[PDB]
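Enquirer: Just dropping this structure here.
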Amino acid sequence: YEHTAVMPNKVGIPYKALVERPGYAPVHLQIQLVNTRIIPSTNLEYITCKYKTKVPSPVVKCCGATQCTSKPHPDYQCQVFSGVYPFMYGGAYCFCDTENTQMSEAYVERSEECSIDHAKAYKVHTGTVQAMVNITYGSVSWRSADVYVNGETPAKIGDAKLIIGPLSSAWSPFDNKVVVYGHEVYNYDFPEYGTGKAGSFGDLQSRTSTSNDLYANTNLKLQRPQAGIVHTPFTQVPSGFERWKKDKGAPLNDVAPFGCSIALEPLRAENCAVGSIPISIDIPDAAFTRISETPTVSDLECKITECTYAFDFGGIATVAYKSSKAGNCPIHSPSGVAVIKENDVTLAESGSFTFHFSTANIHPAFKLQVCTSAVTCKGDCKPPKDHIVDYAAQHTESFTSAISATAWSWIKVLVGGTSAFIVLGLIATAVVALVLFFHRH
Amino acid sequence: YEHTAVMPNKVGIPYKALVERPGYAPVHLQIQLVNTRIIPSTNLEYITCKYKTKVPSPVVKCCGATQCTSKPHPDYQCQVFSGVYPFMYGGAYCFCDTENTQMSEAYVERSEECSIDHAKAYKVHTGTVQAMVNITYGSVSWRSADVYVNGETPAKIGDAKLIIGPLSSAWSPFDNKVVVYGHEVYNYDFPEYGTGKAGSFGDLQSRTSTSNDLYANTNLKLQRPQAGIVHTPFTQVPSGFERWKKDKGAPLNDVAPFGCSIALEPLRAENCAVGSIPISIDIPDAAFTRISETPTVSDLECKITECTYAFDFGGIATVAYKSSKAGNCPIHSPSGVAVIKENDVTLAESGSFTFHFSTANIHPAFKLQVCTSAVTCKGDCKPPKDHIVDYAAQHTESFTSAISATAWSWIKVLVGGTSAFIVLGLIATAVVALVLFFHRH
Amino acid sequence: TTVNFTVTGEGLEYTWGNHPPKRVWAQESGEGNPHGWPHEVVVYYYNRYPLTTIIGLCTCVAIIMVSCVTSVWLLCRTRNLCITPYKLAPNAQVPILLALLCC
Ligand SMILES: *[C@@H]1O[C@H](CO)[C@@H](O)[C@H](O)[C@H]1NC(C)=O
Ligand SMILES: *[C@@H]1O[C@H](CO)[C@@H](O)[C@H](O)[C@H]1NC(C)=O
Ligand SMILES: *[C@@H]1O[C@H](CO)[C@@H](O)[C@H](O)[C@H]1NC(C)=O
């Protein structure tokens, strides 16, 4: 028997319903989401990391001159410094005073740290949505399975086939372009490959951590070696990756709305409480019992003994009843005013049972569907004492949930009084018009 | 020197322009696309192939009974057929006449062909656009390199830095879902994983060709073995993959608009003639020669000796000139009226030179630039004789290209006469109105 | 069998079984004489631009009719307004020039 409904996209809050199959006693159904994961499709654009300046040995040509050549090394620099007279431990390296020449070379390569300490630039596209669902129905214990929130792919959970509709909202916290560093995700609009600027995020870019084609854009300028010193001095703009580390700011993990939690393997946003999720579950035929085989309850009287509209199950109610066969009986409340804690109760031939509920309304009024029957519960709820709590609200607040009986009384008095006064004026005008008519006739 | 312009997204048709750097003689620039590749990003959803039905040896329990148990096999079927009396080569297998049961088992597997003969279902998202660009300028021979058509990534082609702007049209021939089989691509809204119907494309779905979790949805039903025969008969819906291979229809390779050519490694659409492509090329400063160092051309006179508005270079023109410092001088037509075949000519102190051009105009009138000078070419062009040609048009046809001088004359006579008729009527009306006014006064 | 495909200036590609695809483009070789008499000009442009030529000719004829009707209406109204002052005055000079400009 297929049961279809729409449950809120909330994690840890169970969806409760009674599966009513014609001719069979209702079967209690409880569906709870353990986690929800938005897993977008990502394409690695390039990898950024701190550069290393590789400086090969300078060529010191005594009593002569040399010419630099072009090489494919990233950001390759080569300059010929004439008139060098280097000295070493052995003394003067060259004979000629001004006719000797030093050639200096320098190029940029990925540092060793780039193997581990690097940022991945990703392009993010709409992907897939998956969730872990915990389901119990009737006398079947809790069962769970990982499902795809497509609305078409079925999943077998304890002999029950579950189909979960797509999320009502296509919202995702990831932007079109994101940068993943360590465990953090940043909605950073990184520059395209080959356009990174010196001292900025993209100064060094590599398609992969092992790619042989490295793009490096730093103002690497070879300086003239100091008088009598054989060395290859150079000036370079500090790495833009380290500067980014200092100025990267707040990651998406700390600013994503709806309380999304960000994970990297695979990149995904978890527990985003956005919109609602349609559900369709087929309860196996064996789970249903014929109505004539279950208890029949009558003379149900519901008394609210205490109520507080706290986030927890602050409401307590007592239902007096009489029932045949003294069997088990599911309990449910189809109205959204109150959520019932208990799933079922044990009934005797006569007596009463208590159940707990959570409601936001100051004057709750809800129908309690005692198996095959129903009782209306009404009462007055006091305000909760705790200002702050560490658990989410178990109930749903409505527009009129806070309107008290006195507030309705005043609203009715103001609306009715103004309306009646207007009607009085209109009636008096019409009556006087008739009086004048009779004056002429 | 940076030269910026917009070239049409055409393959095999070269773009020609003159790079005019103030103070230097024009440098002829020619940019030709060798191929254009739209490479979308794809995610493999599942692999479909012909299924194989594996049927283990039936359990023939003599003088007793057995019970089937569930197993984690795709489309697993198990049924106990009681009252069998099988016979083997050696005679009656069982002793009891009817107290014997044959337990038949069957399940679906991927066939051996699935390693080679299978269809891949992909999700297609916007990816990247790449092109192979062939460039020549001045005296530098043709050079080419792969570039990214994104307007950001620069490419070094023969010491020239080329930046190719994004395509003006974001059109792509692939839908959000495609099926790749062999070398052919099909736009097919394949069923979601786990939803394929028996005898349909998705009857067999596997996340990858080597996965150990296979989805199979076939009406595999075990039939009762024939009397006295040990065998496991079964009925099953014929493979929906074989059916699909019959009814695939036209592939995207044969229906993609704009002449796109579909390739699979990587999946891409090549040579799609959509929109235009902005370009920016930085020509080396060494390619430019000062004005005073190049020949001066004067007294230009252009005579069209033959012309037909064919798709080939049907036009022929002769230009008389006077000059000095005999040498090479580039030739270019800045307007779209005519496309010049030759890129440069050798000029003597005096004489004439000829060039070929392609034009769609019946009365072409275009400016010809001869390095530091320019001349206006005018003439009449005859209709082409060939009804069909095997090459694309070099020129571009404009709204007024087909309007002949005679057609313009008739349009002028029409508009002038019609307007004169209305104007004369209005003038006569005004004159008579003034006469009547003077009559009263 | 014989199959006929329409080829325009944009081109057409056809693939005969197991042969490489072939591309062909149609040139503007339509029949007619754009430099001849009006019937030859109309024939040329009709063959090159059938629908555009039909619309153009219909628009020209409509414009001619509307303009000629307006011109004749204005001229006849001018004659009526110019001559009426003299019809109501039989004993008038009625200069000969009046019969030449307003008629
Ligand atoms: C399902 O719910 C039961 C009881 O609430 C719990 O013990 C079990 O761990 C839950 N399943 C998962 C996967 O969390
Ligand atoms: C570039 O064009 C020239 C002349 O058309 C040709 O020789 C060369 O092969 C072309 N380059 C490529 C990569 O085809
Ligand atoms: C194709 O055109 C020719 C005339 O050019 C005609 O004879 C033939 O019947 C046509 N065939 C079809 C199928 O239209």
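Residues in the structure tokens are named by chain (A, B, ... in the order shown) and by number from 1 within that chain; ligands are numbered from 1 in the order shown.
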Apply DSSP to the backbone of this structure and, from chain C, keep only the residues in strand (DSSP E or B); write these as a count of residues only.
Expert: 8
Enquirer: Listing only residues of chain C within 9 Å of chain B, what is the closest atom pair and its distance in Å (to one decimal) for each, using only C-alpha atoms, sorted by chain and residue number ascending, as a tab-separated table?
Expert:
```
residue	atom	partner	partner_atom	distance
C:7	CA	B:388	CA	8.0
C:9	CA	B:393	CA	7.9
C:10	CA	B:392	CA	8.3
C:11	CA	B:392	CA	7.6
C:12	CA	B:259	CA	8.7
C:13	CA	B:259	CA	8.0
C:15	CA	B:254	CA	8.8
C:22	CA	B:390	CA	8.0
C:23	CA	B:390	CA	6.1
C:24	CA	B:390	CA	4.5
C:25	CA	B:389	CA	5.2
C:26	CA	B:388	CA	4.5
C:27	CA	B:387	CA	5.6
C:28	CA	B:384	CA	6.9
C:29	CA	B:384	CA	5.3
C:30	CA	B:383	CA	8.0
C:34	CA	B:404	CA	6.2
C:35	CA	B:406	CA	5.6
C:36	CA	B:406	CA	7.7
C:37	CA	B:406	CA	8.8
C:38	CA	B:410	CA	8.3
C:41	CA	B:407	CA	7.2
C:45	CA	B:402	CA	8.2
C:48	CA	B:402	CA	8.8
C:60	CA	B:414	CA	8.0
C:63	CA	B:418	CA	7.9
C:64	CA	B:418	CA	6.4
C:67	CA	B:418	CA	6.1
C:68	CA	B:421	CA	6.9
C:70	CA	B:422	CA	6.7
C:71	CA	B:422	CA	5.1
C:72	CA	B:425	CA	7.4
C:73	CA	B:425	CA	8.1
C:74	CA	B:425	CA	5.2
C:75	CA	B:425	CA	5.4
C:77	CA	B:429	CA	7.8
C:78	CA	B:429	CA	5.5
C:79	CA	B:432	CA	8.5
C:81	CA	B:432	CA	7.2
C:82	CA	B:432	CA	6.1
C:85	CA	B:436	CA	8.6
C:102	CA	B:432	CA	8.4
```
Enquirer: So which residues are near ligand 1, meaning at most 12 Å away with only C-alpha atoms and all ligand atoms counted, given back as a ChimeraX atom specification?
Expert: /A:11-14,30-35,131-137,140-146,157
Enquirer: Write a file of the selected residues as a PDB file, in the first residue's frame, keeping N, CA and C atoms.
Expert:
```
ATOM      1  N   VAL A  11      16.294  17.734   9.859  1.00  0.00           N
ATOM      2  CA  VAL A  11      17.072  16.588  10.311  1.00  0.00           C
ATOM      3  C   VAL A  11      16.844  16.416  11.805  1.00  0.00           C
ATOM      4  N   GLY A  12      16.579  15.182  12.224  1.00  0.00           N
ATOM      5  CA  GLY A  12      16.318  14.882  13.613  1.00  0.00           C
ATOM      6  C   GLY A  12      14.874  15.039  14.037  1.00  0.00           C
ATOM      7  N   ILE A  13      14.025  15.612  13.189  1.00  0.00           N
ATOM      8  CA  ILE A  13      12.604  15.780  13.482  1.00  0.00           C
ATOM      9  C   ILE A  13      11.847  14.691  12.726  1.00  0.00           C
ATOM     10  N   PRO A  14      11.210  13.742  13.406  1.00  0.00           N
ATOM     11  CA  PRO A  14      10.528  12.663  12.690  1.00  0.00           C
ATOM     12  C   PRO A  14       9.183  13.093  12.128  1.00  0.00           C
ATOM     13  N   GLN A  30       6.583   6.143  10.707  1.00  0.00           N
ATOM     14  CA  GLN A  30       7.481   7.173  11.217  1.00  0.00           C
ATOM     15  C   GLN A  30       8.724   7.225  10.344  1.00  0.00           C
ATOM     16  N   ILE A  31       8.927   8.352   9.666  1.00  0.00           N
ATOM     17  CA  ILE A  31      10.078   8.567   8.796  1.00  0.00           C
ATOM     18  C   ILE A  31      10.895   9.711   9.375  1.00  0.00           C
ATOM     19  N   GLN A  32      12.185   9.466   9.586  1.00  0.00           N
ATOM     20  CA  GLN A  32      13.096  10.454  10.147  1.00  0.00           C
ATOM     21  C   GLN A  32      14.349  10.517   9.291  1.00  0.00           C
ATOM     22  N   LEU A  33      14.771  11.730   8.944  1.00  0.00           N
ATOM     23  CA  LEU A  33      16.006  11.929   8.198  1.00  0.00           C
ATOM     24  C   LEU A  33      17.181  11.986   9.164  1.00  0.00           C
ATOM     25  N   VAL A  34      18.197  11.171   8.904  1.00  0.00           N
ATOM     26  CA  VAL A  34      19.396  11.187   9.734  1.00  0.00           C
ATOM     27  C   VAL A  34      20.363  12.265   9.267  1.00  0.00           C
ATOM     28  N   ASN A  35      20.516  12.419   7.955  1.00  0.00           N
ATOM     29  CA  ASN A  35      21.298  13.510   7.397  1.00  0.00           C
ATOM     30  C   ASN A  35      20.861  13.723   5.956  1.00  0.00           C
ATOM     31  N   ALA A 131      20.375  11.316   0.986  1.00  0.00           N
ATOM     32  CA  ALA A 131      19.998  11.417   2.387  1.00  0.00           C
ATOM     33  C   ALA A 131      20.013  10.037   3.024  1.00  0.00           C
ATOM     34  N   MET A 132      20.148  10.029   4.348  1.00  0.00           N
ATOM     35  CA  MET A 132      20.060   8.823   5.162  1.00  0.00           C
ATOM     36  C   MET A 132      18.740   8.883   5.919  1.00  0.00           C
ATOM     37  N   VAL A 133      17.879   7.893   5.702  1.00  0.00           N
ATOM     38  CA  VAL A 133      16.523   7.906   6.234  1.00  0.00           C
ATOM     39  C   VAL A 133      16.344   6.746   7.199  1.00  0.00           C
ATOM     40  N   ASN A 134      15.778   7.043   8.363  1.00  0.00           N
ATOM     41  CA  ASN A 134      15.488   6.069   9.407  1.00  0.00           C
ATOM     42  C   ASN A 134      13.980   5.869   9.427  1.00  0.00           C
ATOM     43  N   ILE A 135      13.527   4.632   9.234  1.00  0.00           N
ATOM     44  CA  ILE A 135      12.102   4.348   9.102  1.00  0.00           C
ATOM     45  C   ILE A 135      11.706   3.200  10.016  1.00  0.00           C
ATOM     46  N   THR A 136      10.577   3.375  10.699  1.00  0.00           N
ATOM     47  CA  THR A 136       9.930   2.329  11.474  1.00  0.00           C
ATOM     48  C   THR A 136       8.436   2.412  11.209  1.00  0.00           C
ATOM     49  N   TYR A 137       7.795   1.259  11.039  1.00  0.00           N
ATOM     50  CA  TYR A 137       6.358   1.217  10.817  1.00  0.00           C
ATOM     51  C   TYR A 137       5.771   0.017  11.538  1.00  0.00           C
ATOM     52  N   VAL A 140       7.565  -3.150  13.154  1.00  0.00           N
ATOM     53  CA  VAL A 140       8.903  -3.318  12.600  1.00  0.00           C
ATOM     54  C   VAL A 140       9.838  -2.312  13.252  1.00  0.00           C
ATOM     55  N   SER A 141      10.974  -2.795  13.747  1.00  0.00           N
ATOM     56  CA  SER A 141      11.934  -1.928  14.408  1.00  0.00           C
ATOM     57  C   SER A 141      12.537  -0.938  13.412  1.00  0.00           C
ATOM     58  N   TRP A 142      13.289   0.021  13.950  1.00  0.00           N
ATOM     59  CA  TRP A 142      13.906   1.046  13.120  1.00  0.00           C
ATOM     60  C   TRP A 142      14.866   0.435  12.108  1.00  0.00           C
ATOM     61  N   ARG A 143      14.703   0.829  10.847  1.00  0.00           N
ATOM     62  CA  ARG A 143      15.570   0.421   9.753  1.00  0.00           C
ATOM     63  C   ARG A 143      15.984   1.668   8.987  1.00  0.00           C
ATOM     64  N   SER A 144      17.196   1.652   8.434  1.00  0.00           N
ATOM     65  CA  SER A 144      17.696   2.809   7.706  1.00  0.00           C
ATOM     66  C   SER A 144      18.485   2.374   6.482  1.00  0.00           C
ATOM     67  N   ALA A 145      18.520   3.257   5.487  1.00  0.00           N
ATOM     68  CA  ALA A 145      19.280   3.030   4.267  1.00  0.00           C
ATOM     69  C   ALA A 145      19.602   4.376   3.637  1.00  0.00           C
ATOM     70  N   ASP A 146      20.678   4.407   2.858  1.00  0.00           N
ATOM     71  CA  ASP A 146      21.040   5.602   2.108  1.00  0.00           C
ATOM     72  C   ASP A 146      20.241   5.647   0.812  1.00  0.00           C
ATOM     73  N   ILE A 157      13.855  -0.469   2.219  1.00  0.00           N
ATOM     74  CA  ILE A 157      14.164  -0.254   3.628  1.00  0.00           C
ATOM     75  C   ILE A 157      13.254  -1.179   4.426  1.00  0.00           C
TER      76      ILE A 157
END
```
Enquirer: Enumerate as JSON, numbers by chain all residues of range 23-246 of chain B assigned to helix (DSSP H, G or I) by DSSP on the backbone, naming them with the chain letters and numbers the document uses.
Expert: {"B": [112, 113, 114, 115, 201, 202, 203, 240, 241, 242, 243, 244, 245, 246]}
Enquirer: Save out the residues we just selected, N, CA and C atoms, as a JSON list (two decimals), in the first residue's frame.
Expert:
```json
[["chain", "number", "residue", "atom", "x", "y", "z"],
["B", 112, "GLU", "N", 29.26, -11.01, -21.06],
["B", 112, "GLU", "CA", 30.65, -10.74, -21.43],
["B", 112, "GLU", "C", 30.76, -9.54, -22.36],
["B", 113, "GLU", "N", 29.82, -9.39, -23.29],
["B", 113, "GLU", "CA", 29.86, -8.25, -24.21],
["B", 113, "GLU", "C", 29.80, -6.92, -23.48],
["B", 114, "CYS", "N", 29.27, -6.89, -22.25],
["B", 114, "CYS", "CA", 29.11, -5.62, -21.55],
["B", 114, "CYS", "C", 30.42, -4.89, -21.36],
["B", 115, "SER", "N", 31.56, -5.59, -21.42],
["B", 115, "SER", "CA", 32.84, -4.90, -21.33],
["B", 115, "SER", "C", 33.11, -4.03, -22.54],
["B", 201, "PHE", "N", 15.25, 0.73, -22.50],
["B", 201, "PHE", "CA", 16.67, 1.08, -22.44],
["B", 201, "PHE", "C", 17.30, 0.79, -21.09],
["B", 202, "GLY", "N", 16.70, 1.28, -20.01],
["B", 202, "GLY", "CA", 17.26, 1.11, -18.69],
["B", 202, "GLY", "C", 16.97, -0.19, -17.98],
["B", 203, "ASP", "N", 16.53, -1.22, -18.70],
["B", 203, "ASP", "CA", 16.23, -2.49, -18.04],
["B", 203, "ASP", "C", 17.41, -2.98, -17.20],
["B", 240, "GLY", "N", 16.08, -4.96, -23.39],
["B", 240, "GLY", "CA", 15.75, -3.63, -23.87],
["B", 240, "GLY", "C", 16.93, -2.91, -24.49],
["B", 241, "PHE", "N", 18.15, -3.34, -24.20],
["B", 241, "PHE", "CA", 19.31, -2.78, -24.89],
["B", 241, "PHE", "C", 19.35, -3.19, -26.36],
["B", 242, "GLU", "N", 19.14, -4.48, -26.65],
["B", 242, "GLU", "CA", 19.05, -4.90, -28.04],
["B", 242, "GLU", "C", 17.94, -4.17, -28.78],
["B", 243, "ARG", "N", 16.77, -4.06, -28.14],
["B", 243, "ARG", "CA", 15.67, -3.30, -28.72],
["B", 243, "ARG", "C", 16.10, -1.87, -29.02],
["B", 244, "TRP", "N", 16.68, -1.20, -28.03],
["B", 244, "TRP", "CA", 17.16, 0.16, -28.24],
["B", 244, "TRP", "C", 18.11, 0.23, -29.43],
["B", 245, "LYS", "N", 19.08, -0.68, -29.48],
["B", 245, "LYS", "CA", 20.02, -0.69, -30.60],
["B", 245, "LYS", "C", 19.29, -0.79, -31.93],
["B", 246, "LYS", "N", 18.12, -1.44, -31.95],
["B", 246, "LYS", "CA", 17.33, -1.44, -33.18],
["B", 246, "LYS", "C", 16.69, -0.07, -33.43]]
```
Enquirer: Need the shell around range 174-181 of chain A: protein/DNA/RNA residues with any atom at most 6 Å away, counting only C-alpha atoms. Skip same-chain ones fewer than 2 positions apart. Format as a PyMOL selection string?
Expert: chain A and resi 119-124+172+184-189
Enquirer: Rounded to one decimal, what separation in Å do you get between CA of residue 170 in chain A and CA of residue 249 in chain A?
Expert: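 Separation of CA of residue 170 in chain A and CA of residue 249 in chain A: 26.8 Å.
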Enquirer: Restrict the distance test to only C-alpha atoms, flag each residue of chain A within 10 Å of chain B, and return the flagged residues as a PyMOL selection string.
Expert: chain A and resi 41-43+123+125-127+148+150-155+191-196
Enquirer: Do a neighbour search on residue 225 in chain B at 9 Å with only C-alpha atoms, toss out local chain neighbours closer than 6 positions, and write the hits as a ChimeraX atom specification.
Expert: /B:81,84,102,104,231-234
Enquirer: Write out, as a short mmCIF file (atom, residue, chain, number, x, y, z; two decimals), in the first residue's frame, the residues just selected, with N, CA, C and O atoms.
Expert:
```cif
data_model
loop_
_atom_site.label_atom_id
_atom_site.label_comp_id
_atom_site.auth_asym_id
_atom_site.auth_seq_id
_atom_site.Cartn_x
_atom_site.Cartn_y
_atom_site.Cartn_z
N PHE B 81 8.96 -26.37 -7.33
CA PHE B 81 7.96 -27.11 -8.09
C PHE B 81 7.83 -28.52 -7.53
O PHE B 81 8.69 -29.38 -7.74
N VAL B 84 7.41 -33.39 -9.12
CA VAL B 84 8.25 -33.70 -10.26
C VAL B 84 8.75 -35.14 -10.15
O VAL B 84 8.99 -35.65 -9.05
N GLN B 102 11.59 -29.87 -7.14
CA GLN B 102 12.70 -29.25 -7.86
C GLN B 102 12.70 -27.75 -7.56
O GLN B 102 11.74 -27.05 -7.88
N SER B 104 14.11 -24.35 -8.56
CA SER B 104 14.75 -23.62 -9.65
C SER B 104 15.23 -22.26 -9.17
O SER B 104 14.53 -21.57 -8.42
N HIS B 231 15.55 -29.63 -15.91
CA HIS B 231 15.98 -28.39 -16.53
C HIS B 231 15.28 -27.25 -15.81
O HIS B 231 14.34 -27.46 -15.05
N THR B 232 15.76 -26.03 -16.05
CA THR B 232 15.24 -24.83 -15.40
C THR B 232 14.70 -23.87 -16.45
O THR B 232 15.37 -22.90 -16.83
N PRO B 233 13.48 -24.10 -16.93
CA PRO B 233 12.90 -23.19 -17.92
C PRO B 233 12.49 -21.88 -17.28
O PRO B 233 12.12 -21.82 -16.11
N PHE B 234 12.57 -20.81 -18.07
CA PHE B 234 12.20 -19.49 -17.59
C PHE B 234 11.79 -18.63 -18.78
O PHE B 234 12.20 -18.87 -19.92
#
```
Enquirer: If the limit is 12 Å from any atom of ligand 3, counting only C-alpha atoms and all ligand atoms, which residues qualify? Return them as a list in words.
Expert: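 Protein and nucleic-acid residues within 12 Å of ligand 3: residues 1, 2, 3, 4, 5 and 6 of chain C.
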Enquirer: Using only C-alpha atoms, which residue out of B:66, B:117, B:161, B:61 lies closest to residue 279 in chain B?
Expert: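 Among B:66, B:117, B:161, B:61, it is B:161 that comes nearest to residue 279 in chain B.
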Enquirer: Which polymer residues have any atom within 9 Å of an atom of residue 295 in chain A, counting only C-alpha atoms, with same-chain residues fewer than 4 positions away left out, as a VMD selection string?
Expert: chain A and resid 291 323 to 329 347 371 to 372
Enquirer: If you measure from CA of residue 365 in chain B to CA of residue 333 in chain B, what distance in Å do you get, rounded to one decimal?
Expert: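 CA of residue 365 in chain B sits 10.7 Å away from CA of residue 333 in chain B.
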Enquirer: So that I can see what lies close to residue 332 in chain B, please list as JSON, numbers by chain the residues with an atom at most 9 Å from it, counting only C-alpha atoms and leaving out residues fewer than 2 positions away in the same chain.
Expert: {"B": [16, 17, 18, 28, 330, 334, 339, 340, 342, 343, 344, 367, 368, 369, 370, 371]}
Enquirer: Would you list the contacts of residue 47 in chain C as a PDB file with N, CA, C and O atoms, in the first residue's frame, taking every protein, DNA or RNA residue within 8 Å and counting only C-alpha atoms, but skipping same-chain residues closer than 2 positions in sequence?
Expert:
```
ATOM      1  N   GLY C  30      20.497  32.228 -59.618  1.00  0.00           N
ATOM      2  CA  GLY C  30      19.114  32.195 -60.053  1.00  0.00           C
ATOM      3  C   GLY C  30      18.934  32.775 -61.442  1.00  0.00           C
ATOM      4  O   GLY C  30      19.712  33.613 -61.904  1.00  0.00           O
ATOM      5  N   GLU C  31      17.887  32.309 -62.116  1.00  0.00           N
ATOM      6  CA  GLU C  31      17.585  32.738 -63.473  1.00  0.00           C
ATOM      7  C   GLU C  31      16.950  34.123 -63.474  1.00  0.00           C
ATOM      8  O   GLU C  31      16.096  34.431 -62.638  1.00  0.00           O
ATOM      9  N   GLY C  32      17.368  34.949 -64.416  1.00  0.00           N
ATOM     10  CA  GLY C  32      16.818  36.283 -64.554  1.00  0.00           C
ATOM     11  C   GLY C  32      17.871  37.247 -65.061  1.00  0.00           C
ATOM     12  O   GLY C  32      19.027  36.892 -65.275  1.00  0.00           O
ATOM     13  N   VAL C  43      11.616  38.869 -62.258  1.00  0.00           N
ATOM     14  CA  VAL C  43      11.888  37.435 -62.338  1.00  0.00           C
ATOM     15  C   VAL C  43      13.180  37.092 -61.601  1.00  0.00           C
ATOM     16  O   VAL C  43      13.236  36.128 -60.826  1.00  0.00           O
ATOM     17  N   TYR C  44      14.233  37.883 -61.819  1.00  0.00           N
ATOM     18  CA  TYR C  44      15.505  37.598 -61.160  1.00  0.00           C
ATOM     19  C   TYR C  44      15.360  37.640 -59.644  1.00  0.00           C
ATOM     20  O   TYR C  44      15.733  36.690 -58.943  1.00  0.00           O
ATOM     21  N   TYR C  45      14.794  38.727 -59.117  1.00  0.00           N
ATOM     22  CA  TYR C  45      14.689  38.837 -57.665  1.00  0.00           C
ATOM     23  C   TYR C  45      13.674  37.860 -57.085  1.00  0.00           C
ATOM     24  O   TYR C  45      13.819  37.438 -55.932  1.00  0.00           O
ATOM     25  N   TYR C  49      14.827  35.810 -54.229  1.00  0.00           N
ATOM     26  CA  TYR C  49      14.095  36.068 -52.986  1.00  0.00           C
ATOM     27  C   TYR C  49      12.598  35.967 -53.254  1.00  0.00           C
ATOM     28  O   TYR C  49      11.910  36.989 -53.384  1.00  0.00           O
ATOM     29  N   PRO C  50      12.058  34.751 -53.350  1.00  0.00           N
ATOM     30  CA  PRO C  50      10.631  34.596 -53.679  1.00  0.00           C
ATOM     31  C   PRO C  50       9.686  35.374 -52.768  1.00  0.00           C
ATOM     32  O   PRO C  50       8.931  36.245 -53.224  1.00  0.00           O
TER      33      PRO C  50
END
```
